[PDB]
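Structure record follows, encoded as structure tokens.
We did not get these values from a lab; they are worked out from the coordinates using the rules stated. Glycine also receives a Cβ, built like all others from the backbone with ideal geometry; neighbour counts cover every protein chain displayed.
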């Protein structure tokens, strides 16, 4: 469940499963009316709509910021318990947290 | 009494009105006219394979996407002029006019 520095994205070996199993429509936003050319158009489903007046906007938080947030939550919880959510963080050994 | 019966443009036509043809220009977004098919867009050479009995193309919205040049018999593509949307970022007229 902890981040893996080895991969280029710093996801966890479970977040990788969760990302490879859900098939999106078009990852990223590279179209920018510089892709839809010749027979490459009228076959993809993204150009067929962009030519009609329907577009998709990108979210504000990228997929690499949400991973940072979740890693922060995990590190805080496993190093300090429930104390970091109600004031300053205070450390405690883990097998003395399970008690 | 004479009866005239005819069918409109769906196959290669043979009888037209008295109109003179201009030069063919590509890669510039123009307003064209092919045997009465009027529109606007960019024309580029295609890779589609039309069979001899045929000259037009269609998409799921039933709009023309390719056409056979009625003088050279080559397949062209149609694509609208690029467009978009515009947004303005302002800090407030009380502060500045930039």
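Numerical summary
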| read-out | value |
| --- | --- |
| Exercise: per-residue mean of other protein chain Cβ atoms within 10 Å, B:47-60 | 1 |
| Degrees between helix A:63-80 axis and first principal axis of chain A (Cα, 0 to 90, nearest 10) | 10 |
| Length-normalised contact order for chain B - Cα pairs under 8 Å, 6+ apart - percent | 20 |
| C-alpha center-to-center spacing [region A:3-66, region B:76-93] in angstrom | 21 |
| Peptides B:25-36, B:59-70 ordered by average Cβ neighbours within 10 Å, highest first | B:59-70, B:25-36 |
| Within chain A, helix-based [θ] at 222 nm, where runs of 4 or more DSSP H residues each add -39,500 (n - 2.57), nearest 500 | -8000 deg cm²/dmol |
| Exposure proxy order (Cβ contacts within 10 Å, fewest to most) of B:21, A:12 | B:21, A:12 |
| Proxy reagent accessibility, fewest Cβ within 10 Å first, across A:19, B:53, A:51 | B:53, A:19, A:51 |
| Length-normalised contact order for chain A - Cα pairs under 8 Å, 6+ apart - percent | 18 |
